[PDB]
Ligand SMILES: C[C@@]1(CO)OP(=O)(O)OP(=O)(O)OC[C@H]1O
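We begin with a single chain expressed as structure tokens, specifically the form solved without the ligand.
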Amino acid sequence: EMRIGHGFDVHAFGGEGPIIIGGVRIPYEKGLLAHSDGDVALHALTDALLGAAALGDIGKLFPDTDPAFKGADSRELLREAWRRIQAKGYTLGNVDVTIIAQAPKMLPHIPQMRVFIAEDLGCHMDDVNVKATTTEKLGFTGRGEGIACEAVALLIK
């Protein structure tokens, strides 16, 4: 039994940097409006992992309106979701994340993102891929209004 999962998240720019993406603190000239980290890459990833296990998603698992969690960085949410996710018998296959942003430049940060993720999920660095791409100045992402990430996850049970 192998299980595929998809996640997608978005945040708007606002206030002052830096931002956190994939756990890394990246300097930039806005920060991200969010009730949390606003770490889009770990949000999308967490959702791909939950979706592959059919556990729903962050929003279900962790209500903005709910307890225990409202004081939360996205790396604890990820580690919590994974903790549930193994409790149903699952194990990691691989994981591939696509950050979609006009800036800032993600590339140099991209190794450190992967050690955070690989550590949080207990796997090897090489079950984790991350890339970033622009939308060439089209779209809300191209106008620098915010930042999207998609992710995919393969779980083995």
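Shifts are known only where both forms have a C-alpha. Quick note: we count residues from 1 along the sequence shown, nothing fancier. Under this definition, the rigid core comprises the largest set of C-alpha atoms superposing within 1.5 Å between the forms.
Below, we turn to the form deposited with the ligand bound, even though it does not appear here.
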*Looking at the partner-bound form in the bound PDB entry, is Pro63 within 4.5 Å of the ligand by any heavy atom?*
yes
*So in the bound PDB entry, does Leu77 come within 4.5 Å of the ligand, heavy atom to heavy atom?*
yes
_in the bound PDB entry, does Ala34 come within 4.5 Å of the ligand, counting heavy atoms only?_
yes
*Just to confirm, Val95 within 4.5 Å of the ligand in the bound PDB entry by heavy atoms?*
no
_Heavy atom within 4.5 Å of the ligand in the bound PDB entry - the one residue of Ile58, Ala41, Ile117, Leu49 that qualifies_ = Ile58
*Mind listing which residues of 89-117 have a heavy atom within 4.5 Å of the ligand in the bound PDB entry?*
none
*Core fitted between this form and the one not shown: which of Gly93, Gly122, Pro111, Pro63 shows a C-alpha shift of 2 angstroms or more?*
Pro63
*Closer or farther in the bound PDB entry: C-alpha pair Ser36, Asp64 (3 angstroms or more)*: farther
*Knowing the Cα distance between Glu76 and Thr65 changes 3 Å or more in the bound PDB entry, does it shrink or grow relative to here?*
closer
_Please list, in sequence order, every run of 3 or more consecutive shared residues whose CA atoms are displaced by 2 Å or more between this form and the one not shown on a core superposition._
61-67
